[PDB]
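For reference, the structure is listed below as C-alpha cells.
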Amino acid sequence: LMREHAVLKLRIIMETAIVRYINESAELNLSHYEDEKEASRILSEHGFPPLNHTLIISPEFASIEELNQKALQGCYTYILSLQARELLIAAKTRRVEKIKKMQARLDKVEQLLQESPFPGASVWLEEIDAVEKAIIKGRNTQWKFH
Amino acid sequence: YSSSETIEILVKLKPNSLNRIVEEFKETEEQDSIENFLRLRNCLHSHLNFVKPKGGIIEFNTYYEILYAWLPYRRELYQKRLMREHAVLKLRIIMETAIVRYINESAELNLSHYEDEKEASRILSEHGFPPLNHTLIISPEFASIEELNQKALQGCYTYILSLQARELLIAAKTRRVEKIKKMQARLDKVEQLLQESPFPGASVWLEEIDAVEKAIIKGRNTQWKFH
Amino acid sequence: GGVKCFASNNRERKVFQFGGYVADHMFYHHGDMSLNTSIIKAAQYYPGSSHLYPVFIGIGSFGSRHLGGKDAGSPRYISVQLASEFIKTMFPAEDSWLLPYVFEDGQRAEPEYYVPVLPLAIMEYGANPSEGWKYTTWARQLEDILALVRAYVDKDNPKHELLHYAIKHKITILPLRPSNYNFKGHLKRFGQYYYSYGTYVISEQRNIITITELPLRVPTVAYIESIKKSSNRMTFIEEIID
Amino acid sequence: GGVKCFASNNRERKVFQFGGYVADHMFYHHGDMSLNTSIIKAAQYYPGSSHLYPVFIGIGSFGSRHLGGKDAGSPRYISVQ
Amino acid sequence: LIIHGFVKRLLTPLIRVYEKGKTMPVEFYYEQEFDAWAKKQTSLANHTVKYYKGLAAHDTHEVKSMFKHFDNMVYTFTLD
DNA sequence: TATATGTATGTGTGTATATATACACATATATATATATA
DNA sequence: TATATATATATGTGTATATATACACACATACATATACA
C-alpha cells in the first residue's frame, strides 16, 4: 500500500504536465527549434517538471526510497516522445478522466492505509474470498478448470 | 602412444620376422607388402543418392552433375532478391517524402484542432498525402512482389500519425533528407545491377564468394573457435 | 519459471521443453532427469497425491492411486499448463515485486520465498528424509484454516479478541482437524495421535470380505503384495482378486 | 532454430536447453534423445569428422578421433553457440 | 594409509570470471565466495561468469592451462 | 518347549550424484566357415 | 587350392526400455538367544 500511494502521487504529477503541454503546444511550436537540447531548455523555462519516465511508468523492483529518490531527477523524455495521435481531443478527454480515476484511487489508498486493526485489512478478506471460490471451482472440475 | 589429434601407433615384431612378411603378403603395384600387412589403404566408393525439391529421390553419377544442378537456383534467387529490393526502395522513397512535407507543414496544418482519427485522416486526404500501408513498408516479412504492390496503396495515415514530437526538429529533417538521398542512390545502384552480364546479380555473388572464403580461412586458423 | 513462461498465452508445452525453459531462465545448475521428475510430480492430482492444490494442470497420463503415481508417462508424451486463476489468486502479481530474491551468477532468478494468501505449508502432504532431520506432514481441513484467518483479520467476527488473547498467551481456541477430503474411511483421535481407518464389508454366506477403502496414502498394489508376504495371514485366505 | 535462438546475444546454452528450444519453436514431433545426439554431432570438429564446416562452435568435451566422436559429454555438461 | 599420504585430490575452479580486455580470469572455488564478491561490485555489465558444473564442461584452452600446472594443484590429506 | 530379547535386514519419500539398452534402414568390407577335388 | 555357404561390422536418422548411489525414520519381517523350564 505504501508503494501504491507513492506511485499514484508520482503519476498524477506526470500526467498533469502532459495535459497542459497538449493545451499549450499549439503555440509553443516545438517544430521551430533545432534539436532536443534547445527544446529541453525552452520546456524547462515554462515550468515543466523534469521526470524519470522509464521508472514512473514501470516501477519493477524499486523500493520506495529509490522511488522518491531518483524519479524527479530525469529529463523531458515523457513529453518529447509523444505521438501526434495523442494531440487529438478524444485523447485529451481520456487523459482527463484517467487523471480523475487516479485521484479517486489515491483517495481510496490513503483511506484504507489507516484502517483497524492493521493497514490493508479488508483487502486480505477479499483475497480470502477469491482464493476460496477458486479452490471450489477447481475441485468441481477435477482440477481441470473447464 | 597417440596424442588427441595425431596418430602414433607402435608395433613390435617377433625376432627375425621382417623377411617372412614379404613372401606371405605379396606386393602388388597398387599397395605395398606392409600396407597389405597393416591394413593401410581404403577405397573411396561413393553413393550419390540425394532427395530433391518437392520430395522424392534423385541419383547422380558424378559430383559435376550435383554442381550443375545446384547453380541455377542461386542464380534465380539473386534475381528475386534484387527485384524485391527495387520494389521496396521505390515504396520507401514514396513513404518518407511525405513525412518530410508533413514536418514542413505541421504548423500551417494545426493537427491539434481536430477531433479524432476520422477527421484527421479526412483533412490529411485533402492536402495531397498518399494513403500508405506502414507495416508492409517497414517490415515486408515474406511478402511476394505482387502482394507487396497489391496491398501497399490500400492503407491509411498511420505512417504520419505515429510521428513523435522528438522528430519534428531540424536535425531530424537533415537526417531524413540525407537518408532519402542514400535510398535513391541505392535505388539507382539496384536498377543498374539488374542488367549486367552474364545474368543479373553477378558481382554481388563474387563478393560473397570472397567473404565466405575469408571466413572459412579465419575459421580454419582458429581451430574453428573464431577467437 | 512457469509464471514467466506461460505469460503471453497459456499454450501447452511438453515436460522436457518446459524443463529446458526453467533450467535456462531460472539458472538451475543440476541434471535434467530430476528436474523433469519434479515437474511431473508437481503436476499430478489423484486421491492421495502429495499436492492437494497443484501449481499446474496436467494433460496426458499422470499416474493413478494404484502404483502410487509411479505409473506416469515419459516426459516426451505428457504436457503441463499453468493453473492460471489459482496461481493468480493465491500468489498475487503485484506482491512479487516486493520480495527478497535469489541471485545466481549476478542476475535475478527467483524469490527467497512466496508469501501466499493462505498458509500453504500446512495445507498439503509430504514425507522426505534429509541430512539430520525428517519431514512429514498431514494436511489440515480447509474450513478450519479459513475460520482461523477470518478470526484473525476480520474485526466483526465474534472470535477476534479471544483469538488475539490466545496468540498473546500461546493457547488454542479453534479446532484444527486433519483433512478428510477425498477420503472415505474414518479418523479417530486416541491419546496423542490420530489414526486413519479403511472400510471392509463382510459376508459369511460366501466367506468373502470386500475391502472398499484403504487408509490415507496407501498404494493399492503395495498393500496387496504386502498382505501376501505374511504367511501368518496366508494360512486363512485362498484367493485375492482386485 | 539456432539462427533464431542466438539472435539477440550469442551466449552459449546447454545442449538440452537448446534442444528444448528447437523442439518448441520448430515443431519437432519426435523424441528428445535423438535431437540432442544430432545437436552434439552437428557441432563436432576434429580430423576426420563428418562436418568440415560446422554450424556451431562447441564448448566443452565433444569427443575425439580415437573413438570416432562417440565419447562426447552428456548434454547436461557441454555447450554450443 | 591416511597417516602416510595415500589419499590425494586435485583442485579445480568452480567459477571463472573473464574481464573484457585482460587476459587472466578470476577463479573462485566456492559459491558463497563468488556471491559475496559479486554483491560488492557496482557494474558487472561486461564480465562473463562461467559456471563449471562438472569437470567435463572445461574447454580446450582451459584444460591445457590446467594440465600445464598439474602437480601445482594436487593436495594430500593428513590425519589428525 | 514355550517365551522374550537383543540382534540383524528391508523398502520408502524428495532432491541430488553418476551411468546402461533393444529396434529399423543400405552397402561395402570382413573373418573365418565350408564342399569336393583328390 | 579351390567354389561355395552362413553369420558378422559400421554409418545417420529414427523407434522403444532402463539403474545403482546419498539422505532420515517409522514400520515390517527374520531370527535367536537366552531362561525359566520341561
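Here, A, B, ... name the chains of the C-alpha cells in the order displayed, residue numbers run from 1 inside each chain, and ligands are numbered from 1 in the same displayed order.
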For chain B against chain D, which residues fall within 8 Å using only C-alpha atoms, given as number ranges by chain?
-> B: 4-5, 216, 224-225
Starting from chain C, keep only residues with some atom at most 12 Å from an atom of chain G, counting only C-alpha atoms (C1' of nucleotides), and report them as an NGL selection string.
-> :C and (74 or 127-136 or 226-227 or 229-232)
Taking the backbone alone, and naming residues the way the document does, which bits of chain E are strand (DSSP E or B) by DSSP, as a count of residues only?
-> 15
Select residues of chain E: the criterion is any atom within 8 Å of an atom of chain D, counting only C-alpha atoms; output as a count of residues only.
-> 7
Set the distance at 9 Å and use only C-alpha atoms (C1' of nucleotides): which residues neighbour residue 56 in chain A once local chain neighbours fewer than 2 positions away are removed? I'd like the list as a PDB file with N, CA, C and O atoms, in the first residue's frame.
```
ATOM      1  N   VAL A   7       3.487   5.656  -6.032  1.00  0.00           N
ATOM      2  CA  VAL A   7       3.418   5.624  -7.493  1.00  0.00           C
ATOM      3  C   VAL A   7       2.226   6.437  -8.004  1.00  0.00           C
ATOM      4  O   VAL A   7       2.325   7.118  -9.034  1.00  0.00           O
ATOM      5  N   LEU A  10       3.138  10.146  -7.906  1.00  0.00           N
ATOM      6  CA  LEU A  10       4.109  10.471  -8.940  1.00  0.00           C
ATOM      7  C   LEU A  10       3.485  10.465 -10.339  1.00  0.00           C
ATOM      8  O   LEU A  10       3.823  11.315 -11.174  1.00  0.00           O
ATOM      9  N   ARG A  11       2.522   9.577 -10.595  1.00  0.00           N
ATOM     10  CA  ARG A  11       1.865   9.564 -11.900  1.00  0.00           C
ATOM     11  C   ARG A  11       0.869  10.704 -12.085  1.00  0.00           C
ATOM     12  O   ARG A  11       0.686  11.171 -13.219  1.00  0.00           O
ATOM     13  N   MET A  14       3.007  13.371 -13.136  1.00  0.00           N
ATOM     14  CA  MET A  14       3.490  13.209 -14.506  1.00  0.00           C
ATOM     15  C   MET A  14       2.442  13.600 -15.539  1.00  0.00           C
ATOM     16  O   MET A  14       2.758  14.303 -16.503  1.00  0.00           O
ATOM     17  N   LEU A  51      11.365  14.668 -15.164  1.00  0.00           N
ATOM     18  CA  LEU A  51      10.855  13.415 -14.638  1.00  0.00           C
ATOM     19  C   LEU A  51      11.626  12.253 -15.240  1.00  0.00           C
ATOM     20  O   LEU A  51      12.147  12.345 -16.350  1.00  0.00           O
ATOM     21  N   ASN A  52      11.689  11.153 -14.498  1.00  0.00           N
ATOM     22  CA  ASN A  52      12.281   9.906 -14.978  1.00  0.00           C
ATOM     23  C   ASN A  52      11.140   9.039 -15.494  1.00  0.00           C
ATOM     24  O   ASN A  52      10.514   8.306 -14.727  1.00  0.00           O
ATOM     25  N   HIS A  53      10.889   9.104 -16.805  1.00  0.00           N
ATOM     26  CA  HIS A  53       9.693   8.491 -17.373  1.00  0.00           C
ATOM     27  C   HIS A  53       9.757   6.968 -17.373  1.00  0.00           C
ATOM     28  O   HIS A  53       8.722   6.313 -17.216  1.00  0.00           O
ATOM     29  N   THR A  54      10.943   6.386 -17.501  1.00  0.00           N
ATOM     30  CA  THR A  54      11.061   4.934 -17.559  1.00  0.00           C
ATOM     31  C   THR A  54      10.969   4.255 -16.199  1.00  0.00           C
ATOM     32  O   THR A  54      11.061   3.028 -16.140  1.00  0.00           O
ATOM     33  N   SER A  58       6.980   2.329 -15.082  1.00  0.00           N
ATOM     34  CA  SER A  58       7.275   0.922 -14.805  1.00  0.00           C
ATOM     35  C   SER A  58       8.195   0.790 -13.603  1.00  0.00           C
ATOM     36  O   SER A  58       9.406   0.594 -13.747  1.00  0.00           O
ATOM     37  N   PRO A  59       7.654   0.877 -12.396  1.00  0.00           N
ATOM     38  CA  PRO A  59       8.453   0.534 -11.216  1.00  0.00           C
ATOM     39  C   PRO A  59       8.488  -0.976 -11.082  1.00  0.00           C
ATOM     40  O   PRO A  59       7.479  -1.603 -10.743  1.00  0.00           O
ATOM     41  N   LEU A  67      12.491   5.056  -5.149  1.00  0.00           N
ATOM     42  CA  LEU A  67      11.405   5.572  -5.968  1.00  0.00           C
ATOM     43  C   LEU A  67      11.289   7.082  -5.834  1.00  0.00           C
ATOM     44  O   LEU A  67      11.272   7.792  -6.840  1.00  0.00           O
ATOM     45  N   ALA A  71      13.508   9.638  -9.180  1.00  0.00           N
ATOM     46  CA  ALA A  71      12.499   9.768 -10.225  1.00  0.00           C
ATOM     47  C   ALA A  71      12.182  11.205 -10.599  1.00  0.00           C
ATOM     48  O   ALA A  71      11.738  11.454 -11.725  1.00  0.00           O
TER      49      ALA A  71
END
```
Find the residues around residue 37 in chain G up to 12 Å (only C-alpha atoms (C1' of nucleotides) counted), leave out those fewer than 4 positions away in its own chain, and share them as an mmCIF file with N, CA, C and O atoms (P, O5', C5', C4', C3', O3' and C1' of nucleotides), in the first residue's frame.
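File around.cif, as written:
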```cif
data_model
loop_
_atom_site.group_PDB
_atom_site.id
_atom_site.type_symbol
_atom_site.label_atom_id
_atom_site.label_comp_id
_atom_site.auth_asym_id
_atom_site.auth_seq_id
_atom_site.Cartn_x
_atom_site.Cartn_y
_atom_site.Cartn_z
ATOM 1 P P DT F 1 10.695 -79.915 26.394
ATOM 2 O "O5'" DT F 1 10.108 -79.461 24.984
ATOM 3 C "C5'" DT F 1 8.721 -79.673 24.648
ATOM 4 C "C4'" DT F 1 7.924 -78.403 24.838
ATOM 5 C "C3'" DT F 1 7.622 -77.629 23.558
ATOM 6 O "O3'" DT F 1 6.419 -76.877 23.737
ATOM 7 C "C1'" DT F 1 9.042 -76.334 24.925
ATOM 8 P P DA F 2 5.444 -76.511 22.505
ATOM 9 O "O5'" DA F 2 4.718 -75.192 23.027
ATOM 10 C "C5'" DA F 2 5.372 -73.911 22.915
ATOM 11 C "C4'" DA F 2 5.425 -73.205 24.250
ATOM 12 C "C3'" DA F 2 5.233 -71.690 24.157
ATOM 13 O "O3'" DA F 2 4.571 -71.161 25.316
ATOM 14 C "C1'" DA F 2 7.360 -72.131 25.034
ATOM 15 P P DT F 3 4.142 -69.611 25.366
ATOM 16 O "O5'" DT F 3 5.496 -68.874 25.770
ATOM 17 C "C5'" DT F 3 5.500 -67.665 26.551
ATOM 18 C "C4'" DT F 3 6.923 -67.248 26.844
ATOM 19 C "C3'" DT F 3 7.280 -65.829 26.395
ATOM 20 O "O3'" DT F 3 7.695 -65.045 27.520
ATOM 21 C "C1'" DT F 3 8.943 -67.387 25.687
#
```
Neighbours of residue 73 in chain E within 6 Å (only C-alpha atoms (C1' of nucleotides); same-chain residues fewer than 3 positions away dropped), as a PyMOL selection string?
-> chain E and resi 10-11+70
If you run DSSP over the backbone, which residues in chain E end up alpha helix (DSSP H)? Put them as a PyMOL selection string.
-> chain E and resi 31-40+60-67
Shell of 9 Å around residue 35 in chain A, only C-alpha atoms (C1' of nucleotides), local chain residues under 3 positions omitted, as a ChimeraX atom specification = /A:38-40 /B:166-172
What are the residues of chain E that have an atom within 12 Å of an atom of chain C, counting only C-alpha atoms, as number ranges by chain?
-> E: 14-17, 28, 31-54
Writer output for current selection, N, CA and C atoms, as a PDB file, in the first residue's frame:
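Dumped to selection.pdb:
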```pdb
ATOM      1  N   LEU E  14      35.519 -23.632  -9.683  1.00  0.00           N
ATOM      2  CA  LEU E  14      34.077 -23.738  -9.819  1.00  0.00           C
ATOM      3  C   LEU E  14      33.477 -22.594 -10.616  1.00  0.00           C
ATOM      4  N   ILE E  15      33.974 -21.372 -10.448  1.00  0.00           N
ATOM      5  CA  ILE E  15      33.542 -20.244 -11.266  1.00  0.00           C
ATOM      6  C   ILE E  15      34.780 -19.552 -11.812  1.00  0.00           C
ATOM      7  N   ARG E  16      34.814 -19.314 -13.117  1.00  0.00           N
ATOM      8  CA  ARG E  16      35.779 -18.406 -13.718  1.00  0.00           C
ATOM      9  C   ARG E  16      35.048 -17.173 -14.227  1.00  0.00           C
ATOM     10  N   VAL E  17      35.642 -16.004 -14.018  1.00  0.00           N
ATOM     11  CA  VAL E  17      35.087 -14.738 -14.485  1.00  0.00           C
ATOM     12  C   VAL E  17      36.102 -14.101 -15.425  1.00  0.00           C
ATOM     13  N   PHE E  28      37.100 -18.607  -8.656  1.00  0.00           N
ATOM     14  CA  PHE E  28      36.502 -18.830  -7.353  1.00  0.00           C
ATOM     15  C   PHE E  28      36.242 -20.318  -7.184  1.00  0.00           C
ATOM     16  N   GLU E  31      30.937 -21.216  -3.879  1.00  0.00           N
ATOM     17  CA  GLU E  31      29.883 -20.407  -4.481  1.00  0.00           C
ATOM     18  C   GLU E  31      29.599 -19.154  -3.665  1.00  0.00           C
ATOM     19  N   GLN E  32      29.647 -19.262  -2.335  1.00  0.00           N
ATOM     20  CA  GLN E  32      29.364 -18.107  -1.489  1.00  0.00           C
ATOM     21  C   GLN E  32      30.474 -17.072  -1.557  1.00  0.00           C
ATOM     22  N   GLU E  33      31.705 -17.503  -1.855  1.00  0.00           N
ATOM     23  CA  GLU E  33      32.802 -16.567  -2.087  1.00  0.00           C
ATOM     24  C   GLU E  33      32.518 -15.696  -3.300  1.00  0.00           C
ATOM     25  N   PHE E  34      32.045 -16.317  -4.384  1.00  0.00           N
ATOM     26  CA  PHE E  34      31.646 -15.561  -5.561  1.00  0.00           C
ATOM     27  C   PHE E  34      30.421 -14.698  -5.302  1.00  0.00           C
ATOM     28  N   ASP E  35      29.484 -15.152  -4.469  1.00  0.00           N
ATOM     29  CA  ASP E  35      28.299 -14.334  -4.212  1.00  0.00           C
ATOM     30  C   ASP E  35      28.647 -13.086  -3.406  1.00  0.00           C
ATOM     31  N   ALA E  36      29.498 -13.240  -2.386  1.00  0.00           N
ATOM     32  CA  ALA E  36      29.999 -12.093  -1.641  1.00  0.00           C
ATOM     33  C   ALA E  36      30.863 -11.188  -2.505  1.00  0.00           C
ATOM     34  N   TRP E  37      31.576 -11.752  -3.481  1.00  0.00           N
ATOM     35  CA  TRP E  37      32.334 -10.928  -4.416  1.00  0.00           C
ATOM     36  C   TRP E  37      31.409 -10.125  -5.319  1.00  0.00           C
ATOM     37  N   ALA E  38      30.446 -10.799  -5.946  1.00  0.00           N
ATOM     38  CA  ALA E  38      29.595 -10.190  -6.956  1.00  0.00           C
ATOM     39  C   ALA E  38      28.586  -9.223  -6.360  1.00  0.00           C
ATOM     40  N   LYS E  39      28.287  -9.340  -5.068  1.00  0.00           N
ATOM     41  CA  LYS E  39      27.446  -8.331  -4.437  1.00  0.00           C
ATOM     42  C   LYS E  39      28.227  -7.042  -4.190  1.00  0.00           C
ATOM     43  N   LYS E  40      29.557  -7.136  -4.058  1.00  0.00           N
ATOM     44  CA  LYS E  40      30.385  -5.957  -3.810  1.00  0.00           C
ATOM     45  C   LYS E  40      30.512  -5.062  -5.034  1.00  0.00           C
ATOM     46  N   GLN E  41      30.321  -5.606  -6.231  1.00  0.00           N
ATOM     47  CA  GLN E  41      30.553  -4.845  -7.446  1.00  0.00           C
ATOM     48  C   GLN E  41      29.440  -3.821  -7.655  1.00  0.00           C
ATOM     49  N   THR E  42      29.687  -2.881  -8.569  1.00  0.00           N
ATOM     50  CA  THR E  42      28.683  -1.893  -8.932  1.00  0.00           C
ATOM     51  C   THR E  42      28.287  -1.944 -10.396  1.00  0.00           C
ATOM     52  N   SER E  43      29.087  -2.585 -11.245  1.00  0.00           N
ATOM     53  CA  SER E  43      28.832  -2.601 -12.679  1.00  0.00           C
ATOM     54  C   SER E  43      29.421  -3.901 -13.215  1.00  0.00           C
ATOM     55  N   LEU E  44      28.562  -4.890 -13.422  1.00  0.00           N
ATOM     56  CA  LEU E  44      29.013  -6.190 -13.890  1.00  0.00           C
ATOM     57  C   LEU E  44      28.427  -6.370 -15.285  1.00  0.00           C
ATOM     58  N   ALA E  45      28.503  -5.302 -16.083  1.00  0.00           N
ATOM     59  CA  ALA E  45      27.843  -5.266 -17.385  1.00  0.00           C
ATOM     60  C   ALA E  45      28.711  -5.811 -18.505  1.00  0.00           C
ATOM     61  N   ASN E  46      29.991  -6.079 -18.248  1.00  0.00           N
ATOM     62  CA  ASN E  46      30.897  -6.547 -19.284  1.00  0.00           C
ATOM     63  C   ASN E  46      31.740  -7.737 -18.848  1.00  0.00           C
ATOM     64  N   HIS E  47      31.372  -8.401 -17.758  1.00  0.00           N
ATOM     65  CA  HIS E  47      32.020  -9.621 -17.313  1.00  0.00           C
ATOM     66  C   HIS E  47      31.189 -10.824 -17.730  1.00  0.00           C
ATOM     67  N   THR E  48      31.868 -11.929 -18.022  1.00  0.00           N
ATOM     68  CA  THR E  48      31.204 -13.168 -18.412  1.00  0.00           C
ATOM     69  C   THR E  48      31.512 -14.227 -17.365  1.00  0.00           C
ATOM     70  N   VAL E  49      30.528 -14.526 -16.531  1.00  0.00           N
ATOM     71  CA  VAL E  49      30.667 -15.502 -15.461  1.00  0.00           C
ATOM     72  C   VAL E  49      30.395 -16.884 -16.031  1.00  0.00           C
ATOM     73  N   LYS E  50      31.310 -17.817 -15.801  1.00  0.00           N
ATOM     74  CA  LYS E  50      31.161 -19.180 -16.281  1.00  0.00           C
ATOM     75  C   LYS E  50      31.056 -20.123 -15.097  1.00  0.00           C
ATOM     76  N   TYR E  51      29.951 -20.848 -15.009  1.00  0.00           N
ATOM     77  CA  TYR E  51      29.785 -21.886 -14.005  1.00  0.00           C
ATOM     78  C   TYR E  51      30.189 -23.214 -14.627  1.00  0.00           C
ATOM     79  N   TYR E  52      31.026 -23.965 -13.935  1.00  0.00           N
ATOM     80  CA  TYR E  52      31.502 -25.255 -14.410  1.00  0.00           C
ATOM     81  C   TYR E  52      30.899 -26.321 -13.509  1.00  0.00           C
ATOM     82  N   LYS E  53      29.790 -26.907 -13.961  1.00  0.00           N
ATOM     83  CA  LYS E  53      29.011 -27.874 -13.193  1.00  0.00           C
ATOM     84  C   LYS E  53      29.800 -29.131 -12.858  1.00  0.00           C
ATOM     85  N   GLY E  54      30.171 -29.908 -13.874  1.00  0.00           N
ATOM     86  CA  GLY E  54      31.107 -30.995 -13.725  1.00  0.00           C
ATOM     87  C   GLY E  54      32.416 -30.613 -14.387  1.00  0.00           C
TER      88      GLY E  54
END
```
Surrounding residues of range 110-117 of chain B excluding itself and chain neighbours under 5 positions, 6 Å, only C-alpha atoms (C1' of nucleotides), as a list in words = residues 87, 88 and 89 of chain A
Take the selection from the previous step and output its residues with N, CA and C atoms, as an mmCIF file, in the first residue's frame.
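Output below, filename out_35.cif:
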```
data_model
loop_
_atom_site.group_PDB
_atom_site.id
_atom_site.type_symbol
_atom_site.label_atom_id
_atom_site.label_comp_id
_atom_site.auth_asym_id
_atom_site.auth_seq_id
_atom_site.Cartn_x
_atom_site.Cartn_y
_atom_site.Cartn_z
ATOM 1 N N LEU A 87 -2.479 14.095 -29.713
ATOM 2 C CA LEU A 87 -2.824 15.509 -29.669
ATOM 3 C C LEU A 87 -4.261 15.783 -30.084
ATOM 4 N N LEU A 88 -5.101 14.765 -30.148
ATOM 5 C CA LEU A 88 -6.479 14.955 -30.550
ATOM 6 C C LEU A 88 -7.349 15.199 -29.319
ATOM 7 N N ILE A 89 -8.609 15.541 -29.563
ATOM 8 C CA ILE A 89 -9.477 15.990 -28.478
ATOM 9 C C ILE A 89 -9.960 14.810 -27.637
#
```
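Interatomic distance, CA of residue 29 in chain B to CA of residue 6 in chain B: 28.3 Å.
One finds CA of residue 107 in chain B at 9.2 Å from CA of residue 27 in chain A.
Distance-wise, CA of residue 78 in chain A and CA of residue 34 in chain A end up 19.0 Å apart.
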For chain F versus chain B, which residues have an atom no more than 12 Å away, and what is each residue's nearest atom pair and distance in Å rounded to one decimal, using only C-alpha atoms (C1' of nucleotides), chain-then-number order, as a tab-separated table?
```
residue	atom	partner	partner_atom	distance
F:26	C1'	B:47	CA	10.1
F:27	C1'	B:47	CA	9.1
F:28	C1'	B:45	CA	8.3
F:29	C1'	B:42	CA	10.0
F:30	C1'	B:39	CA	11.8
```
Go ahead and save the residues from that selection, with N, CA, C and O atoms (P, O5', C5', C4', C3', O3' and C1' of nucleotides), as an mmCIF file, in the first residue's frame.
```cif
data_model
loop_
_atom_site.group_PDB
_atom_site.id
_atom_site.type_symbol
_atom_site.label_atom_id
_atom_site.label_comp_id
_atom_site.auth_asym_id
_atom_site.auth_seq_id
_atom_site.Cartn_x
_atom_site.Cartn_y
_atom_site.Cartn_z
ATOM 1 P P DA F 26 16.753 -50.608 -47.068
ATOM 2 O "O5'" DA F 26 18.232 -50.211 -47.477
ATOM 3 C "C5'" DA F 26 18.451 -49.095 -48.297
ATOM 4 C "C4'" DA F 26 19.925 -48.883 -48.589
ATOM 5 C "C3'" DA F 26 20.624 -49.992 -49.345
ATOM 6 O "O3'" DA F 26 21.568 -49.411 -50.187
ATOM 7 C "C1'" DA F 26 21.687 -49.684 -47.276
ATOM 8 P P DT F 27 21.883 -50.038 -51.621
ATOM 9 O "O5'" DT F 27 23.445 -50.309 -51.555
ATOM 10 C "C5'" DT F 27 24.303 -49.258 -51.187
ATOM 11 C "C4'" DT F 27 25.567 -49.777 -50.535
ATOM 12 C "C3'" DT F 27 26.140 -51.057 -51.137
ATOM 13 O "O3'" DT F 27 27.511 -50.913 -51.258
ATOM 14 C "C1'" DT F 27 26.001 -51.260 -48.838
ATOM 15 P P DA F 28 28.247 -51.190 -52.647
ATOM 16 O "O5'" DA F 28 29.778 -51.057 -52.246
ATOM 17 C "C5'" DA F 28 30.164 -50.031 -51.359
ATOM 18 C "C4'" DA F 28 31.138 -50.537 -50.313
ATOM 19 C "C3'" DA F 28 31.997 -51.720 -50.738
ATOM 20 O "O3'" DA F 28 33.324 -51.491 -50.321
ATOM 21 C "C1'" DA F 28 30.904 -52.213 -48.715
ATOM 22 P P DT F 29 34.536 -52.372 -50.893
ATOM 23 O "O5'" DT F 29 35.057 -53.140 -49.600
ATOM 24 C "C5'" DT F 29 35.295 -52.405 -48.421
ATOM 25 C "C4'" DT F 29 35.321 -53.309 -47.211
ATOM 26 C "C3'" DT F 29 36.116 -54.599 -47.394
ATOM 27 O "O3'" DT F 29 37.254 -54.581 -46.557
ATOM 28 C "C1'" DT F 29 34.063 -54.956 -46.238
ATOM 29 P P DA F 30 38.327 -55.774 -46.618
ATOM 30 O "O5'" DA F 30 37.878 -56.723 -45.426
ATOM 31 C "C5'" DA F 30 37.578 -56.160 -44.166
ATOM 32 C "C4'" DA F 30 37.146 -57.235 -43.198
ATOM 33 C "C3'" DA F 30 37.832 -58.576 -43.419
ATOM 34 O "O3'" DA F 30 38.376 -59.045 -42.211
ATOM 35 C "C1'" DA F 30 35.479 -58.845 -43.350
#
```
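Ranking A:93, A:141, A:116, A:81 by their shortest atom-to-atom distance to chain C, with only C-alpha atoms included, puts A:116 first.
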Identify every residue of chain A that has at least one atom within 8 Å of any atom of chain C, counting only C-alpha atoms, and report the result as a PyMOL selection string.
-> chain A and resi 60-61+63+116-117+121-122+124-125+127-128+130-131+134-135+143-145
With N, CA and C atoms retained, write the just-selected residues as a CSV table (one decimal), in the first residue's frame.
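Saved result, again_13.csv, follows:
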```csv
chain,number,residue,atom,x,y,z
A,60,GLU,N,9.6,-1.6,-11.4
A,60,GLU,CA,9.7,-3.0,-11.3
A,60,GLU,C,10.2,-3.5,-9.9
A,61,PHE,N,11.4,-3.2,-9.5
A,61,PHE,CA,12.0,-3.7,-8.3
A,61,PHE,C,12.6,-2.6,-7.5
A,63,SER,N,12.5,0.0,-4.5
A,63,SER,CA,12.0,0.3,-3.2
A,63,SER,C,11.5,1.8,-3.2
A,116,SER,N,-8.4,-0.2,10.8
A,116,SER,CA,-8.2,-1.1,12.0
A,116,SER,C,-8.5,-2.5,11.7
A,117,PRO,N,-7.8,-3.5,12.2
A,117,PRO,CA,-6.6,-3.4,13.1
A,117,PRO,C,-5.3,-3.0,12.5
A,121,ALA,N,-6.7,-4.4,5.8
A,121,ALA,CA,-7.4,-5.5,6.5
A,121,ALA,C,-8.6,-6.0,5.7
A,122,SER,N,-9.2,-5.1,4.9
A,122,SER,CA,-10.4,-5.6,4.0
A,122,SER,C,-9.9,-6.2,2.8
A,124,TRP,N,-7.3,-8.2,2.4
A,124,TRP,CA,-6.9,-9.5,2.6
A,124,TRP,C,-8.2,-10.4,2.8
A,125,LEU,N,-9.3,-9.9,3.3
A,125,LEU,CA,-10.6,-10.6,3.3
A,125,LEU,C,-11.1,-10.9,1.9
A,127,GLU,N,-9.2,-11.2,-0.8
A,127,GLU,CA,-8.4,-12.2,-1.4
A,127,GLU,C,-8.7,-13.6,-0.8
A,128,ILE,N,-9.0,-13.6,0.5
A,128,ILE,CA,-9.5,-14.9,1.1
A,128,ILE,C,-10.7,-15.4,0.3
A,130,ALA,N,-11.7,-14.7,-2.8
A,130,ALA,CA,-11.4,-15.1,-4.2
A,130,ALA,C,-10.6,-16.5,-4.2
A,131,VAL,N,-9.7,-16.7,-3.3
A,131,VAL,CA,-9.0,-18.0,-3.3
A,131,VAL,C,-9.9,-19.1,-2.9
A,134,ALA,N,-12.0,-19.9,-6.0
A,134,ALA,CA,-11.2,-20.6,-7.0
A,134,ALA,C,-10.9,-22.0,-6.6
A,135,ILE,N,-10.7,-22.3,-5.3
A,135,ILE,CA,-10.5,-23.7,-4.9
A,135,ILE,C,-11.8,-24.5,-5.1
A,143,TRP,N,-9.8,-30.6,-11.1
A,143,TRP,CA,-8.7,-29.8,-11.2
A,143,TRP,C,-8.3,-29.7,-12.7
A,144,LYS,N,-9.3,-29.3,-13.5
A,144,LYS,CA,-9.0,-29.1,-14.9
A,144,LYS,C,-9.5,-27.7,-15.4
A,145,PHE,N,-10.4,-27.1,-14.6
A,145,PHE,CA,-10.8,-25.7,-14.8
A,145,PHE,C,-11.5,-25.5,-16.1
```
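Residue list for chain D within 12 Å of chain G: residues 29, 30, 31, 32, 33, 34, 35, 37, 38, 41, 42, 50 and 68 of chain D, counting only C-alpha atoms (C1' of nucleotides).
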If you count only C-alpha atoms (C1' of nucleotides), the residue of G:16, G:21, G:32, G:2 closest to residue 16 in chain F turns out to be G:21
Starting from chain F, keep only residues with some atom at most 8 Å from an atom of chain C, counting only C-alpha atoms (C1' of nucleotides), and report them as number ranges by chain.
-> F: 13-15
Just the selected residues (C-alpha atoms (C1' of nucleotides)), exported as a CSV table (one decimal), in the first residue's frame, please.
```
chain,number,residue,atom,x,y,z
F,13,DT,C1',9.5,-40.4,0.4
F,14,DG,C1',12.4,-35.9,-2.4
F,15,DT,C1',16.5,-33.9,-4.1
```
